[PDB]
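[1] Experimental structure below, sequence on top.
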Amino acid sequence: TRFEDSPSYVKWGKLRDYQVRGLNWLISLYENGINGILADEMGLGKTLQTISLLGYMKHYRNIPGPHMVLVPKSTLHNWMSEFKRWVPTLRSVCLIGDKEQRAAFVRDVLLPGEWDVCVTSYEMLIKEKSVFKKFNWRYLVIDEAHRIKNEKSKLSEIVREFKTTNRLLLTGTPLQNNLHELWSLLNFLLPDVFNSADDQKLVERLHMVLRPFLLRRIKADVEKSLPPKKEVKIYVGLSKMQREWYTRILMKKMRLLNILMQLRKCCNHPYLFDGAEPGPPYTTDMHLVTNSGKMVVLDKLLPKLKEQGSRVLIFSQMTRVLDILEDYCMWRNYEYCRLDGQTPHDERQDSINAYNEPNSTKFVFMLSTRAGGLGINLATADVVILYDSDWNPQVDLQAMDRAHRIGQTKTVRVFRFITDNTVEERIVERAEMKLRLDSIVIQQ
Amino acid sequence: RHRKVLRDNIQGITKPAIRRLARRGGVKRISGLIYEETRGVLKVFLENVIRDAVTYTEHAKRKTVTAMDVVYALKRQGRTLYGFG
Amino acid sequence: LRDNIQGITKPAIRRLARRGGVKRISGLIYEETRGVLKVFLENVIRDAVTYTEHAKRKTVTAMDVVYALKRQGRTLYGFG
Amino acid sequence: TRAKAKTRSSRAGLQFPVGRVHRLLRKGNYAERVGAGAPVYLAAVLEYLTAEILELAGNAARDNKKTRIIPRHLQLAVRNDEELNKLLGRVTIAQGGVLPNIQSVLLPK
Amino acid sequence: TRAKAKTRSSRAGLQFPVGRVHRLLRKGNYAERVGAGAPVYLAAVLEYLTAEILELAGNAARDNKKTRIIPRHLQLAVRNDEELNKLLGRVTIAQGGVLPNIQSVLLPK
Amino acid sequence: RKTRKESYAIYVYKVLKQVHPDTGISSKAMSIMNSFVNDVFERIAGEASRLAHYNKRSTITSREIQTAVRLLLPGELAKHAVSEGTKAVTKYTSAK
Amino acid sequence: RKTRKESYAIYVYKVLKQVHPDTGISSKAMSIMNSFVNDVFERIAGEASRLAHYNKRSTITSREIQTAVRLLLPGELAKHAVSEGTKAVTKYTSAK
Amino acid sequence: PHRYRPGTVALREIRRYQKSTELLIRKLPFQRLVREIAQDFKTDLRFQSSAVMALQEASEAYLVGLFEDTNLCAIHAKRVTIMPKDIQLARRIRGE
Amino acid sequence: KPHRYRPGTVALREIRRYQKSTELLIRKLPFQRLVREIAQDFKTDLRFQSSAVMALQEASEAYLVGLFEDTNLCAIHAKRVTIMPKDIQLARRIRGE
DNA sequence: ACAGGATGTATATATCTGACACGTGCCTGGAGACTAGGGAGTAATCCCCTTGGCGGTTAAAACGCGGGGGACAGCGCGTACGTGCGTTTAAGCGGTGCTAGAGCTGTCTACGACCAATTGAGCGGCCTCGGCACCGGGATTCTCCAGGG
DNA sequence: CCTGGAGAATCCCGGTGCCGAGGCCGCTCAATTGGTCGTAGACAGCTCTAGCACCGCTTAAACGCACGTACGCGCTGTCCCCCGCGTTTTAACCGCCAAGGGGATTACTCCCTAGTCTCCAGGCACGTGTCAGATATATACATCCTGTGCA
Ligand SMILES: Nc1ncnc2c1ncn2[C@@H]1O[C@H](COP(=O)(O)OP(=O)(O)OP(=O)(O)O)[C@@H](O)[C@H]1O
């Protein structure tokens, strides 16, 4: 019902048929007065679509009113740069800094109101809620919709307290653990529609009620590029020391109040515990690697990869072992790159992008389930190694599809090391059942 | 290799915190040796109260210490607390 | 009659102090000791008289004194 | 038929639960039998004490230019009053603070 | 026919009267009901404490060259033991006296 | 539905409205008053129980309550509370 | 004859001859011991009554006595007292 | 002439009275004081001798403990002679 | 050249400020960790309600404040202004600990 | 000894929010009426124990006096704490995930209250003797001058 | 300024009276045995609330450091106040007698409270909306502290 090609107001524009038809879809939703979720799963892109939508709104019938975009603090510079280098004609401001800087910024920019789009983080939004409420908001963009996936959370209640002429939601995997978080998202979208919580009951009902307010397509069935990743599980066994650790802790001073957690990373590595942690720091030598079967497997796999690609990028679950392995790779006879929550927010975006190099010969990059955000594709990566899996299959999906952006024109292999007769089997089965629920809800 | 213990929990009671307590009491100048003595006194007081509270919780055949248990222990020691039950 | 606190004499106060364990006594201690003794005795006797009046008796007993002292947290052993 | 029910608090002119106090006395293991006048007397005494402490606390709250009563106001009322201080000598009032006092030797001169 | 009357104290092998303790528990209004083992437990505890204090007092009387325990011996025993001292911290023993101690500064230089 | 809990809150509020009509109370203040009333009740009831046990009597009466008030309350408070209790018992007996 | 009075004097004498076979006790010391036993009985029984009320029950039991002994007596006294009471209850149930 | 140094007789008296266990105030003056104090609370009140003896015992124990605490305060102030200020500090820290 | 207050004024200002406010002065998390460490010795496997720790902190703060009051009294008795462990020990000895 | 400057603080004003006061429904515990029974009031009697007094004696208190040591004020000093300023850290709040464990329900038994009959355990009343208090005398020890060490 | 005697005060040994402790008797009341019955709580089952282990971001708070100034502490002189001793007076102490008050016991009666059944309204849980308070922000006042003259 609209143009089939890119509008003549975008700059550096290479948006394809999927993005132009999504733009037409969003504009039609705006015309008929319907909000919704841009459930673009993967590389096809959502920042381009959101920016193009806002730019179309300005460059067509004059709606210069307030507009707000919510991003994690790890993507503020990225989003501002995308806005500048895609649609420079649109005006954007950023609310970031300490108390004095934020007060100065609101006083010198927000109340004068020369802005059209404001890019803020969740934390700053919570900080200056009384400041933002004084405006008649029109369009609200929330990235990573699973942040507000539940009610009774301060951000969700605050963002409901705002009044906007239109709403818009952005996510990668709208369904995570159950239909109630999806119902929470839909409640934020349309408060007056899905007021109630409630084979024919589901699946079909979900499809027919989500088609009007959602767009779903797969990069595999759209781009036909980006050769598929191959996932292989390696069933490993735990050493006898780990077995006796596991049995003794399960049947039993060190505080033990959480059976599942305390009997978790056991299969990963025993000395991840305290009490019998490695004692005197004699030196960093061949001590930690010998104690774990999974560590043995990784140390065997590394040569087979360095006789080839040697640009793996590794994944593990616990931040301790994350930093342990990070400061271990450098010692062993390798080099690394750093990505974890310790790193100050603004420095990471330039640092990691700079570390993306034509050649590094460093052989190691480490990223956890919760060490990275949404960007920086490692097209140079070739192998994905998952030391342990998280409860939520969506987190692992995001982790392993982080390197599956377009940059990756080569097939990539994911390795999932798994032990036996331990809690990791329960983690795997829960993840599999959740993934099956997600597939039956969305794909079918 | 990176594995060590940072501090003990009695050092969580901080010198500026003890100085604020002394200011509320009404003290002007504080000697340097007050702090370890105050930590010891607080440790003794808490050990007594916690022993009594755990005794009550064990009689209840529970495993969670409640505000009621703390109030009963304090009333036993003669330091009735109003506002918790 | 009256003037019976003077029956508590300086030598008796000195003996009490020497049992306490003190060596030198200031000259103004005696009136202070008489005052504190008067306060203590007044409290205890008032409680005992309340107990006796509740009993509807006219004689104050060792039981009354002991009950009053126990109420004040000064339990006395050796009188019942 | 039967007469219209009058609460014994209404009978005694009180505003405290004579019936509930009677039940608590009977169930608290303080004796075998309880006189009818005992809960009435107890409720009257409780009412007097509550009224006294509340009056002092309300005066303090007004002195602070406030229309609600907080534990700070309750502590400030209980202290500065001798009888209530003696009654509540060994009692901590949560979030009530301490009486403002400085020993006169500490004041500079 | 009936068996010979065996005392509950005899059954538990004690010297304190389980029957008297039971009657005192029932007539004291501490609770509605009193179990079978509670008097036995309480009697054993009372006997243990009495034996402790009597042993300490007997040693004290032996040190003083007598064969009759008196309140001075009881006071010496109770104040010379830390556990019993904390148990009886708020208690006065008639005709007991005080522990001999002199602060080391009063002694002549 | 949670199990009901009994408290003196409504009566404390009525007494507050009687003494300071245009004033309010806070939740923590109400909890403190709750604990205060429970404490005073327990102390007076225990004193009366011990009195009755001492005098070999099995009933708690207004005499016992008055004696407990005299023992536990310091002076002028005792005098005024005794006047209050006498007036209340007189009203309860005169026409009820 | 005058009305009978009760005391723990005979049992105190039995325990004295049990622990020290060649010692006697005066009347004032016996009165002191009697009052001591009464006071300890009062403390333990009152604590057990409070425990039963706190846990919403109507029976004083051996567990309540044990818990009261733990609350009231310090340290090694408590350990020995609990051991002695447990032996007594064990033997009483065994021989009953 | 033989005169002891000013302070040895004090230590001899300290030892003698810390070894003795009998009362130190005179019984008739104490009894007259007790009756004088009881005169205000009720007129024509009679007494038992055991009551007066117990009152004297408790008064002496209280005063002995007070003097011990007073000695501690005076030694803290680097003195040997105890003072009214020391007595008042002891009472204030105890809680009067 | 920069303005400095003479020793004995900022302390009085803090005294007034803290004797006027009613907040708790010890940090909550270290106190909770200390409470858990102490409770670990008597009986392992213990959970705490959040209200229990607040009650414990309230009682601890009140006890310490009263102790410091008495310690200040002892220090003033000794013709001093600085409090010392001797004053703390004397106050505890008189109060009966 | 004041003037002025810098600092901290009290005060007036406008916004926004979460907690308190009010209403509504509902149910469980208190009020009305009644019946039995035993605890307490009342009277009367008895005896013991409290008070009042009187005299003789001796220990204890009151008064004076000389002198030594401890309290108190002053002065000097050299050091440990208060005050301010930069840098790091960890608390606080927010989300995440999970599962234990506290709390309410229903059933069933075994345990303690109640009663009746018996009897032996403990209590008041007696008497005799050895442990203790007192008295006296000798050996021992601590203190205080005075000197020659 | 380490010794050596006087000279008080104390401990140790032995003899004498005496009075209270300990053994012994009768008696009565309270503990034991036996049996019956109802209810309190033990036990199992399910719900959902709340606690524990963990991460990112903000930012206040803690930590560390340098400078100087009151302050605690040691030392000295003064003098005054308290102690040790002797003497005189006072009253406690003790033994005994006389008398009445009042505490304790016994029986008798009756009124008040326990227990029951029924019914109904007062108190509690749950929602909901509006205002009292906390927050921030900019004046005006109060307080401290230093510095330049001449007190
Ligand atoms: N100029 C462009 N021309 C074509 N495709 C583009 C362009 N810019 C971005 N893309 C698409 O975006 C992919 C990677 O971009 P980017 O990682 O920024 O995506 P995104 O919008 O953040 O997506 P996601 O929905 O996963 O968050 C590319 O593989 C490509 O498919």
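    All right, it came through fine. Numbers count the residues shown, from 1 in each chain, chains lettered A, B, ... in the order given.

[2] Find the nearest non-adjacent residue to the residue of chain D found nearest chain E, please.
    Nearest residue of chain D to chain E, counting by CB to the nearest CB: residue D:29, 5.1 Å away. C-beta coordinates here come from the backbone N, C-alpha and C atoms, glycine included. Leaving out its chain neighbours, the residue that sits closest to residue D:29 by CB to CB, 6 or more residues apart in numbering or on different chains is residue E:29, at 5.1 Å.

[3] Checking my notes, that neighbour in a strand, right?
    No - Residue E:29: not assigned to a strand; according to DSSP: H, G, I helix; E, B strand; the rest coil it is coil.

[4] and it, what is it in contact with?
    D:29-32, F:49, F:53 (CB atoms under 8 Å, 6 or more residues apart in numbering or on different chains).

[5] right, and out of the residues you listed, which lies closest to residue A:330?
    Of all those, residue A:330 sits closest to residue D:29, with 72.4 Å by CB to CB.

[6] How much space separates the residue of chain D closest to chain E from residue F:43?
    In this structure, residue D:29 and residue F:43 are 15 Å apart, going by CB to CB, to the nearest Å.

[7] helices and strands around the helix or strand encompassing residue F:40, which ones?
    Here residue F:40, judged by DSSP states H and E, is contained in helix F:27-54. Here helix F:27-54 touches strand B:81-82, helix D:18-27, helix D:37-63, helix D:71-78, helix F:9-19, strand F:59-60, helix F:62-72, going by 3 or more CB pairs under 8 Å, 6 or more residues apart in numbering or on different chains; DSSP states H and E.

[8] Serialize these to TSV and add fields for mean neighbour count and distance to chain E.
    Formatted as TSV, the helices and strands packed on helix F:27-54 follow (neighbours: other CB atoms under 10 Å in any protein chain shown; distance: least, CB to the nearest CB, whole Å):
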stretch	mean neighbour count	distance to chain E
strand B:81-82	24	22
helix D:18-27	17	10
helix D:37-63	23	15
helix D:71-78	24	26
helix F:9-19	18	28
strand F:59-60	20	11
helix F:62-72	23	14
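
[9] closest one to residue E:49 among these?
    Closest to residue E:49 of the helices and strands packed on helix F:27-54 is helix F:62-72 (CB to CB; 29.9 Å).

[10] Output that closest one as PDB, nothing but the C-alphas.
    Output in PDB follows, covering the C-alpha atoms of helix F:62-72 (Å, rounded to 0.1, in the frame of the first residue of the first chain):
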ATOM      1  CA  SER F  62     -10.600  -5.100  90.700                       C
ATOM      2  CA  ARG F  63      -8.700  -5.000  94.000                       C
ATOM      3  CA  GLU F  64      -5.900  -7.000  92.500                       C
ATOM      4  CA  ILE F  65      -5.900  -4.700  89.400                       C
ATOM      5  CA  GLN F  66      -5.800  -1.600  91.600                       C
ATOM      6  CA  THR F  67      -2.900  -3.000  93.700                       C
ATOM      7  CA  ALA F  68      -1.000  -4.000  90.500                       C
ATOM      8  CA  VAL F  69      -1.500  -0.400  89.200                       C
ATOM      9  CA  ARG F  70      -0.200   1.000  92.500                       C
ATOM     10  CA  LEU F  71       2.900  -1.200  92.400                       C
ATOM     11  CA  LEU F  72       3.800  -0.800  88.700                       C
END
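
[11] How about it and chain H, any contact?
    No - judged by CB under 8 Å from any CB of the partner chain, helix F:62-72 and chain H are separated, with a smallest distance of 11.1 Å.

[12] Is that helix in proximity to chain C?
    Yes - applying CB under 8 Å from any CB, one finds helix F:62-72 in contact with chain C at F:63-64, F:67, F:70-71.

[13] Close to chain E: what parts of chain H are there?
    So chain H meets chain E at H:5, H:7-8, H:11, H:14-15, H:18-22, H:54, H:57-58, H:61, H:64, H:71-72, H:75, H:80 (CB under 8 Å from any CB).

[14] so which of these are also by chain B?
    Of those, not one also sits near chain B (CB under 8 Å from any CB).

[15] thought residue A:289 was touching residue A:302?
    No - here residue A:289 does not reach residue A:302: they are 10.7 Å apart, not a contact under CB atoms under 8 Å.

[16] Just the closest residue of chain D to DNA strand K, please.
    residue D:35 (3.3 Å; CB to the nearest atom of the strand).

[17] ok, now which ones touch that residue?
    F:59-62.

[18] Mind listing what's buried along the lengthiest helix in chain A?
    Determined from DSSP state H, the single longest helix within chain A is helix A:423-442. Buried residues in helix A:423-442, counted by 16 or more other CB atoms under 10 Å in any protein chain shown: A:423-424, A:427-428, A:430-431, A:434-435, A:437-438, A:441-442.

[19] and if you look at stretch A:272-285?
    Residues of stretch A:272-285 classed as buried: residue A:272 (neighbour count, 16+ other CB under 10 Å).

[20] contacting residues around that stretch?
    For stretch A:272-285, using CB under 8 Å, 6+ apart, the contacting residues are A:245, A:254, A:265-266, A:270-271, A:287-288, A:318, A:320-321, A:328, A:331, B:1-4.

[21] From those, which land in helices?
    Taking DSSP H, the ones among these that sit in helices are A:245, A:320-321, A:328, A:331.

[22] sorry, back to before: quick one: the residue of chain D closest to chain E and DNA strand J, what's the gap?
    With distances taken as CB to the nearest atom of the strand, to the nearest Å, residue D:29 is found 13 Å from DNA strand J.

[23] if we can go back for a sec, just the buried residues of the contacts of residue E:29.
    By 16+ other CB under 10 Å, the contacts of residue E:29 give D:29-31, F:49 as buried.

[24] one step back: who wins for proximity to chain G among the helices and strands packed on helix F:27-54?
    In terms of CB to the nearest CB, the element of those nearest to chain G is helix D:18-27, at 9.1 Å.

[25] Check whether that closest one comes near DNA strand J.
    Yes - figure legend: helix D:18-27 in contact with DNA strand J (CB under 7 Å from any atom of the strand); contacting residues D:18-20, D:22-23.

[26] Counting only strands, which of the residues of chain H next to chain E make the cut?
    Of those, none are assigned to strands by DSSP state E.

[27] Narrow those to those that are buried.
    The neighbour count (16+ other CB under 10 Å) marks H:14, H:18, H:21, H:54, H:57-58, H:61, H:64, H:71-72, H:75 as buried among those.

[28] ok, back up a step: so the helix holding residue F:40, near DNA strand J or not?
    Yes - applying CB under 7 Å from any atom of the strand, one finds helix F:27-54 touching DNA strand J at residue F:27.

[29] Just list the residues touching the residue of chain H found nearest chain B, thanks.
    For chain H and chain B, the shortest gap (CB to the nearest CB) falls at residue H:95, measuring 11.4 Å. By CB under 8 Å, 6+ apart, the contact set of residue H:95 is residue D:89.
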